[PDB]
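As provided, final_18.txt (compact mmCIF, C-alpha atoms) reads as follows.
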```txt
# COMPACT_ATOMS: atom_id res chain seq x y z
CA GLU A 904 27.35 -15.04 -3.99
CA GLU A 905 31.03 -14.37 -3.14
CA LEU A 906 31.07 -10.96 -4.91
CA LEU A 907 27.74 -9.88 -3.30
CA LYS A 908 29.00 -11.10 0.11
CA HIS A 909 32.24 -9.06 -0.35
CA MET A 910 30.25 -5.97 -1.53
CA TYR A 911 27.88 -6.15 1.49
CA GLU A 912 30.68 -6.85 4.05
CA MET A 913 32.80 -3.93 2.70
CA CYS A 914 29.76 -1.57 2.55
CA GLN A 915 29.03 -2.50 6.21
CA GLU A 916 32.70 -1.99 7.28
CA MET A 917 32.88 1.41 5.42
CA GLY A 918 29.42 2.65 6.68
CA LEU A 919 27.99 2.73 3.07
CA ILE A 920 24.98 0.43 3.79
CA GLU A 921 22.45 3.36 3.70
CA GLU A 922 23.69 4.34 0.21
CA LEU A 923 23.62 0.66 -0.90
CA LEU A 924 19.90 0.44 0.17
CA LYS A 925 19.11 3.25 -2.39
CA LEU A 926 20.22 0.97 -5.31
CA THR A 927 17.95 -1.14 -7.56
CA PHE A 928 18.18 -4.84 -6.59
CA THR A 929 17.21 -7.94 -8.61
CA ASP A 930 15.08 -10.58 -6.77
CA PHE A 931 18.27 -12.68 -6.32
CA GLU A 932 20.46 -9.78 -5.02
CA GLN A 933 17.54 -8.73 -2.75
CA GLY A 934 17.11 -12.30 -1.36
CA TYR A 935 20.87 -12.41 -0.57
CA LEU A 936 20.79 -8.91 1.06
CA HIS A 937 17.86 -10.06 3.28
CA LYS A 938 19.85 -13.18 4.32
CA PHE A 939 22.98 -11.06 5.01
CA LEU A 940 21.20 -8.31 7.06
CA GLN A 941 19.29 -10.96 9.11
CA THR A 942 22.54 -12.79 10.08
CA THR A 943 24.80 -9.76 10.73
CA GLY A 944 23.59 -8.34 14.10
CA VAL A 945 20.64 -6.33 15.58
CA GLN A 946 21.64 -3.02 13.90
CA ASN A 947 21.32 -4.70 10.46
CA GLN A 948 17.80 -5.92 11.37
CA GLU A 949 16.89 -2.22 11.99
CA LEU A 950 18.40 -1.39 8.53
CA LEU A 951 16.39 -4.27 6.99
CA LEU A 952 13.28 -2.77 8.65
CA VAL A 953 14.09 0.63 7.01
CA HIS A 954 14.58 -1.17 3.65
CA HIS A 955 11.17 -2.92 3.96
CA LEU A 956 9.51 0.45 4.78
CA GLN A 957 11.25 2.19 1.81
CA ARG A 958 10.03 -0.67 -0.50
CA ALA A 959 6.40 -0.44 0.87
CA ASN A 960 6.74 -4.04 2.29
CA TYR A 961 4.76 -3.14 5.46
CA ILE A 962 3.82 -6.78 6.38
CA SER A 963 7.49 -7.93 6.47
CA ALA A 964 8.45 -4.72 8.37
CA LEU A 965 5.72 -5.39 11.02
CA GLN A 966 6.64 -9.12 11.35
CA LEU A 967 10.37 -8.23 11.70
CA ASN A 968 9.48 -5.64 14.38
CA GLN A 969 7.40 -8.23 16.27
CA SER A 970 10.48 -10.55 16.13
CA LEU A 971 12.68 -7.68 17.41
CA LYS A 972 10.01 -6.85 20.11
CA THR A 973 10.25 -10.51 21.34
CA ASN A 974 14.10 -10.61 21.34
CA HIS A 975 14.62 -7.24 23.23
CA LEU A 976 12.59 -8.01 26.43
CA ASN A 977 15.91 -8.15 28.47
CA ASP A 978 18.10 -5.16 27.27
CA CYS A 979 19.91 -3.21 30.08
CA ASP A 980 20.96 -0.32 27.74
CA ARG A 981 18.87 2.92 27.95
CA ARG A 982 19.88 4.08 24.40
CA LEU A 983 18.70 0.79 22.79
CA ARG A 984 15.41 1.09 24.79
CA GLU A 985 14.77 4.66 23.50
CA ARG A 986 15.56 3.53 19.88
CA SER A 987 13.30 0.44 20.18
CA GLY A 988 10.54 2.69 21.68
CA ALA A 989 10.77 5.09 18.68
CA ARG A 990 10.92 2.14 16.17
CA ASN A 991 7.85 0.57 17.80
CA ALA A 992 5.93 3.90 17.75
CA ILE A 993 6.71 4.51 14.00
CA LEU A 994 5.67 0.97 13.01
CA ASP A 995 2.57 1.04 15.24
CA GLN A 996 1.60 4.23 13.26
CA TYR A 997 2.19 2.38 9.93
CA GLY A 998 0.24 -0.62 11.35
CA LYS A 999 -2.78 1.70 12.03
CA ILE A 1000 -2.77 2.99 8.39
CA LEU A 1001 -2.81 -0.56 6.89
CA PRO A 1002 -6.11 -2.16 5.67
CA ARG A 1003 -7.70 -4.57 8.20
CA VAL A 1004 -6.60 -7.62 6.08
CA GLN A 1005 -2.91 -6.52 5.98
CA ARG A 1006 -3.08 -5.85 9.76
CA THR A 1007 -4.43 -9.41 10.26
CA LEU A 1008 -1.61 -10.86 8.05
CA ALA A 1009 0.98 -8.79 10.00
CA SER A 1010 -0.46 -9.90 13.44
CA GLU A 1011 -0.84 -13.56 12.49
CA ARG A 1012 2.19 -15.37 13.53
CA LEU B 1078 -1.82 0.76 -14.90
CA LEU B 1079 -2.91 3.16 -12.28
CA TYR B 1080 -5.40 0.89 -10.86
CA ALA B 1081 -2.83 -1.85 -11.28
CA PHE B 1082 0.00 -0.45 -9.40
CA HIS B 1083 -2.09 1.06 -6.81
CA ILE B 1084 -2.92 -2.41 -5.95
CA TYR B 1085 0.46 -4.26 -6.37
CA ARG B 1086 0.78 -4.79 -2.55
CA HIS B 1087 -1.73 -3.80 0.19
CA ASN B 1088 -3.84 -1.01 -1.48
CA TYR B 1089 -7.59 -0.17 -1.02
CA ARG B 1090 -9.38 3.22 -1.09
CA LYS B 1091 -6.75 4.31 -3.48
CA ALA B 1092 -7.99 1.84 -5.89
CA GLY B 1093 -11.54 2.90 -5.33
CA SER B 1094 -10.94 6.56 -6.09
CA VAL B 1095 -8.89 5.87 -9.17
CA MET B 1096 -11.73 3.68 -10.42
CA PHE B 1097 -14.41 6.31 -9.81
CA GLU B 1098 -12.46 8.83 -11.65
CA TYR B 1099 -11.72 6.79 -14.69
CA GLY B 1100 -15.36 6.06 -14.91
CA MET B 1101 -16.91 9.48 -14.53
CA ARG B 1102 -14.49 10.96 -17.00
CA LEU B 1103 -15.16 8.35 -19.52
CA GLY B 1104 -18.84 8.93 -19.43
CA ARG B 1105 -19.05 12.64 -19.28
CA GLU B 1106 -16.96 13.05 -22.41
CA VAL B 1107 -16.82 10.00 -24.73
CA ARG B 1108 -20.00 7.93 -23.84
CA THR B 1109 -21.95 6.99 -26.96
CA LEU B 1110 -21.99 3.23 -27.43
CA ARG B 1111 -19.19 1.87 -25.31
CA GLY B 1112 -18.16 4.59 -22.95
CA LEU B 1113 -21.30 3.12 -21.34
CA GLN B 1114 -19.77 -0.26 -21.44
CA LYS B 1115 -16.47 0.66 -19.84
CA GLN B 1116 -17.88 3.08 -17.25
CA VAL B 1117 -20.25 0.51 -16.11
CA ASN B 1118 -17.12 -1.58 -15.73
CA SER B 1119 -15.20 0.97 -13.79
CA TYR B 1120 -17.61 1.56 -11.18
CA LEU B 1121 -18.45 -2.08 -10.73
CA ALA B 1122 -14.79 -2.55 -9.85
CA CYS B 1123 -14.57 0.35 -7.49
CA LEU B 1124 -17.58 -0.85 -5.70
CA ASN B 1125 -15.85 -4.14 -5.14
CA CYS B 1126 -12.83 -2.49 -3.59
CA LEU B 1127 -14.57 -0.03 -1.38
CA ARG B 1128 -17.03 -2.57 -0.08
CA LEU B 1129 -13.95 -4.34 0.94
CA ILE B 1130 -11.72 -1.74 2.97
CA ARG B 1131 -13.63 -2.60 6.12
CA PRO B 1132 -14.93 0.32 8.10
CA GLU B 1133 -12.63 -0.60 10.79
CA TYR B 1134 -11.07 2.34 8.84
CA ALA B 1135 -14.36 4.06 7.56
CA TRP B 1136 -14.07 6.31 4.40
CA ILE B 1137 -14.03 8.43 1.02
CA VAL B 1138 -14.17 11.94 -0.56
CA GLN B 1139 -11.43 13.89 -2.34
CA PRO B 1140 -9.84 17.43 -1.91
CA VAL B 1141 -8.80 20.07 -4.61
CA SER B 1142 -10.01 22.40 -7.41
CA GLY B 1143 -8.40 21.84 -10.86
CA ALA B 1144 -9.37 20.43 -14.35
CA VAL B 1145 -12.95 19.28 -13.87
CA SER B 1167 -12.01 25.03 -10.16
CA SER B 1168 -13.20 21.38 -10.48
CA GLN B 1169 -12.89 20.56 -6.72
CA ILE B 1170 -13.25 16.81 -5.87
CA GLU B 1171 -16.05 15.61 -3.51
CA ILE B 1172 -17.06 12.78 -1.14
CA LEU B 1173 -19.23 9.94 -0.44
CA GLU B 1174 -20.18 8.03 2.68
CA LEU B 1175 -20.97 4.77 0.79
CA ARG B 1176 -23.74 6.67 -0.78
CA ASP B 1177 -22.65 9.47 -3.15
CA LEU B 1178 -21.89 7.20 -6.27
CA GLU B 1179 -23.56 4.03 -4.90
CA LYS B 1180 -26.12 6.19 -6.33
CA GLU B 1181 -23.96 6.81 -9.34
CA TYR B 1182 -23.72 3.09 -10.20
CA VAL B 1183 -27.24 1.87 -9.24
CA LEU B 1184 -27.99 4.49 -11.71
CA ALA B 1185 -25.81 3.67 -14.50
CA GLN B 1186 -26.96 -0.03 -14.15
CA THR B 1187 -30.53 0.72 -14.70
CA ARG B 1188 -29.27 2.90 -17.55
CA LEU B 1189 -27.77 -0.09 -19.19
CA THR B 1190 -30.73 -2.46 -18.66
CA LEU B 1191 -32.92 0.13 -20.37
CA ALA B 1192 -30.52 0.84 -23.25
CA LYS B 1193 -30.70 -2.94 -23.56
CA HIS B 1194 -34.16 -4.06 -24.86
CA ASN B 1195 -33.72 -1.52 -27.77
CA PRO B 1196 -31.19 0.90 -29.09
```
Would you give me this structure, written as structure tokens?
Amino acid sequence: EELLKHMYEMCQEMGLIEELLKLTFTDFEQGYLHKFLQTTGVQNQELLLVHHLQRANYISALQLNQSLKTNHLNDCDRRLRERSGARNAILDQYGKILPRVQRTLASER
Amino acid sequence: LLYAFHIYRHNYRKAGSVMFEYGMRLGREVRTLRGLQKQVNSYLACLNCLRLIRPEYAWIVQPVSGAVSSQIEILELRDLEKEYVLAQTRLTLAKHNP
């Protein structure tokens, strides 16, 4: 846990997180990466969304984007609004492609 | 494994088409005493899956022309609903005698 924490903190400080996401994770390393990216700011929740999309985990990506859609109702910054608009449009396209059952599971809080 | 993976997480029509294929091939070339068996199987499975992907999404047909200019073709439920109603009566008849 200490070595993985140090690896993820240093990869975030050095801007290497996108190259880290290309690696093969074990279920344990993956569970710890999910915990780390959830705790370490809004930008890391967008990276976690990209990771879920790259891994074909569309349900978790849609649920995370609904969580982000609920937390961003008050942002004054135009650049974050344009990014959240694009993110929402991409995931709403993925949401349309999903089978009706996976859409229901993604829309069920 | 194809069918398998295709499923894994959140797969549908994909499964269906893989199933069809396996089946048809089987029959056309090997079919003699068990190809029948397994093809019957194949399509039974596909039917399951396609019945399922609710036509909220509506679909199936394929697009190309290689290793039957063997271009792939469609459905609309129909197409091979026919194919398996058929191969089922084929089995019941091959049943009472050989």
Wanna dump the chain B-chain A contacts at 7 Å for me, each residue with its shortest atom pair and the distance in Å to one decimal, counting all atoms listed in the file, ordered by chain and number, as a tab-separated table?
```
residue	atom	partner	partner_atom	distance
B:1087	CA	A:1005	CA	6.5
B:1130	CA	A:1002	CA	6.2
B:1131	CA	A:1003	CA	6.6
B:1133	CA	A:1003	CA	6.8
```
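What separates atom CA of residue A:939 from atom CA of residue A:917 is a distance of 15.9 Å.
Take atom CA of residue B:1136 and atom CA of residue B:1086: the distance between them is 19.8 Å.
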Sphere at (20.4, -9.6, -0.4), radius 12 Å, counting all atoms listed in the file: residues as JSON, numbers by chain | {"A": [904, 905, 906, 907, 908, 909, 910, 911, 912, 920, 923, 924, 926, 927, 928, 929, 930, 931, 932, 933, 934, 935, 936, 937, 938, 939, 940, 941, 942, 943, 947, 951, 954]}
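Between residue A:983 and the candidates A:996, A:922, A:946, A:913, the tightest atom-to-atom separation, counting only C-alpha atoms, involves A:946.
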Adding 3 Å on each side of the box along x, y and z that holds all listed atoms of stretch 979-992 of chain A, could you give its centre and edge lengths in Å to one decimal, as AutoDock Vina command-line options?
```
--center_x 13.4 --center_y 0.9 --center_z 23.1 --size_x 21.0 --size_y 14.3 --size_z 19.9
```
Using only C-alpha atoms, pick whichever of B:1178, B:1107, B:1170, B:1123 has the shortest atom-to-atom distance to residue B:1091.
-> B:1123
